[PDB]
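Readers should treat all values here as calculations from the given coordinates under stated rules, not as data from a laboratory. Quick reminder, even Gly has a Cβ in these numbers, built from the backbone with ideal geometry, and neighbours come from all protein chains shown.
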Amino acid sequence: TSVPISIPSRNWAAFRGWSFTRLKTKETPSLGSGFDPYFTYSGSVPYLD
Amino acid sequence: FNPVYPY
Amino acid sequence: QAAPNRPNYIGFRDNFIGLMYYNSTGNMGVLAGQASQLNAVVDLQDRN
Amino acid sequence: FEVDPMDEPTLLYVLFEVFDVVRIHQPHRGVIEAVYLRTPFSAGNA
Amino acid sequence: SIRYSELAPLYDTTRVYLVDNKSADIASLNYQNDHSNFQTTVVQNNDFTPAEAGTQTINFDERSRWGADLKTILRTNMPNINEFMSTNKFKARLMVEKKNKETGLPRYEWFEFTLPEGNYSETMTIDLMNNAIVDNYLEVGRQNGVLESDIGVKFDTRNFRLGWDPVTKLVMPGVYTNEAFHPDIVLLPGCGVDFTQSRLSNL
Amino acid sequence: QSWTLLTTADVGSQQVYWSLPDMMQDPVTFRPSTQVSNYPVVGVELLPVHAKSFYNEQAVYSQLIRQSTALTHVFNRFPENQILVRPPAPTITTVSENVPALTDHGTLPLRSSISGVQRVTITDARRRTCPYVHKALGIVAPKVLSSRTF
């Protein structure tokens, strides 16, 4: 029900704006190492779409 | 005949 | 009794997404100068 | 961040934005030189 | 000045470490990679997840040409007979049938044998390649007609002329000395051994 | 004795190539490829396998104790044929002992801007990837060699 997150202390310099949004893993498409063994879906990958 | 081998 | 199977249209993706490993630091690209070295294309697996 | 319970691990997708320019130059015909930047995370002022 | 965008410049000289340990968080980049084709992260800032780094460039001043002495470490579990090395493969021309009815003469062929991979001694190999010649004989050569005296490729290691008397012209102990001299081959009419695609010709 | 050489048995006619395509700039004639068989080699070595030697004087009374203790005549199927009977074992053997290879390749240039996530490949002589390498550790030590400006 809650997701405490922390960005490592850094320079935060012209940051225009946050902009959240959700997504589900089964559809999260790994990315990197082409052939993400497991992207077992076809959905509508809302991360690269 | 001298077959040097001992046998 | 019987019935139909569903639909299941398959097909490609808007702007043809997926087909062109676009941000991945691994497999990436290189519109450089033939006669040179450094790729003018470094994407950093953050940008999508 | 606080979201209600779903049963499939979801993944929050925050997009901390920020400037992201690239300034290709092209000096001697045959070379392209690129010099990116991303200012709330930083990269190749290369 | 080795300018890293987060910490202070570390002028002069430094050390970048590319270690085999992309096991914590850089392992979604090395899914299809081995310990010899991997993608490390040379950014060791211990305040960014190994993936939040690896998107930050180390930048040395561009008014200078930077050299760097590379010094590397490497281990191996590579054995003898593995296939990657092209070991564990050889071809042999070996009798398949005495008196082929079409010609009334033996019919030889070219079979590619394969030893079980793994790291063997120098003998157990030459006995594993004899256990492939006398293991294809059991399926092509047993039920086509050939005496065990027709097996025509035998990797031997004796000097067969020990005892050979020039006067009499034949070895006169009644047996071969059975002392190993060298891996040499022993063939028969028609049979042969091809090591072109192979690499046992070294072992 | 004209077209065959009678050398000693063996383990190493294959070099190993280090490729750091995103750290070191290509050597003099290597074009900057992005393909694991066309990486610009950065340092060559010999495989870390040197053939230890061994001397067992008997060496065939030890090959007839690994035949009575092997429970089976699968390696001597013709104990009586003097030309098909389990060739003897050389006294002098050569085993393979993969030892670590901490090599020091001299200086070669860098790239001004080094990415974070770095590639490291170790290809064989025909430029495949040796699957039997289970360590790989580059240690680069930047230095300033010259000046691009004046």
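Of note:
- Qualifying residue in the stretch D:36-45 (condition: farther than 18 Å from residue C:48 by Cβ, hydroxyl-bearing (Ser, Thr, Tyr) and within 14 Å of chain F (Cβ to nearest Cβ)): yes
- Selection count where residues are more than 23 Å from residue E:20 (Cα to Cα) and not aliphatic (A, V, I, L, M), scope the stretch F:12-70: 22
- For chain C, the set of residues classified as part of a loop (DSSP other than H, G, I, E, B), among the aromatic types (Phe, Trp, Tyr) and more than 7 Å from every other protein chain (Cβ to nearest Cβ) consists of C:9, C:12, C:22, listed by residue number.
- The sole residue among E:65, E:3 that is touching an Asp or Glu at 6+ places or on another chain (Cβ under 9 Å), farther than 24 Å from residue C:26 by Cβ and not in a loop (DSSP other than H, G, I, E, B) is E:3.
- Residue within the stretch D:16-33 that is within 13 Å of chain F (Cβ to nearest Cβ), in a loop (DSSP other than H, G, I, E, B) and out of contact with any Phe, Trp or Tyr (no Cβ under 9 Å at 6 or more places or on another chain) present: yes
- Taking every residue in the stretch F:41-59 that is more than 9 Å from every other protein chain (Cβ to nearest Cβ) and pairing it with any residue that is basic (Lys, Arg) and assigned to a loop (DSSP other than H, G, I, E, B), at least 6 positions away or on another chain, the pairs with Cβ-Cβ distances below 9 Å are F:41/F:127.
- Selected residue [part of a loop (DSSP other than H, G, I, E, B) and closer than 30 Å to residue E:77 by Cα] from E:145, E:118: E:118
- Leading residue by the ranking (nearest to the chain's Cα centre (by Cα)) among those in the stretch E:149-173 that are under 19 Å from residue F:76 (Cβ atoms) and not β-branched (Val, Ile, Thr): E:155
- Looking across the stretch E:10-20, the residues that are surrounded by fewer than 15 Cβ atoms within 10 Å (Cβ to Cβ) and assigned to a loop (DSSP other than H, G, I, E, B) come down to E:11, E:12, E:13, E:15.
- From F:44, F:16, residue being crowded, with 18+ Cβ neighbours inside 10 Å, hydrophobic (A, V, I, L, M, F, W, C) and not in a loop (DSSP other than H, G, I, E, B): F:16
- Any hit, the stretch F:17-37, residues being in contact with a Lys or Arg (Cβ under 6 Å, 6 or more places away or on another chain) and more than 14 Å from chain D (Cβ to nearest Cβ): yes
- Qualifying residue in the stretch E:45-66 (condition: in contact with a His (Cβ under 9 Å, 6 or more places away or on another chain), within 7 Å of chain F (Cβ to nearest Cβ) and β-branched (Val, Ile, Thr)): no
- Test: residue in the stretch F:112-129 that is surrounded by fewer than 18 Cβ atoms within 10 Å (Cβ to Cβ) and over 30 Å from residue F:40 (Cβ atoms): no
This table checks each residue for (1) within 14 Å of chain D (Cβ to nearest Cβ); (2) among the small types (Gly, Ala, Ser).
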{"site": "F:87", "(1), (2)": "no, no"}
{"site": "F:94", "(1), (2)": "no, no"}
{"site": "F:105", "(1), (2)": "no, no"}
{"site": "F:112", "(1), (2)": "yes, yes"}
{"site": "F:116", "(1), (2)": "yes, yes"}
{"site": "F:122", "(1), (2)": "no, no"}
{"site": "F:127", "(1), (2)": "no, no"}
{"site": "F:136", "(1), (2)": "no, yes"}
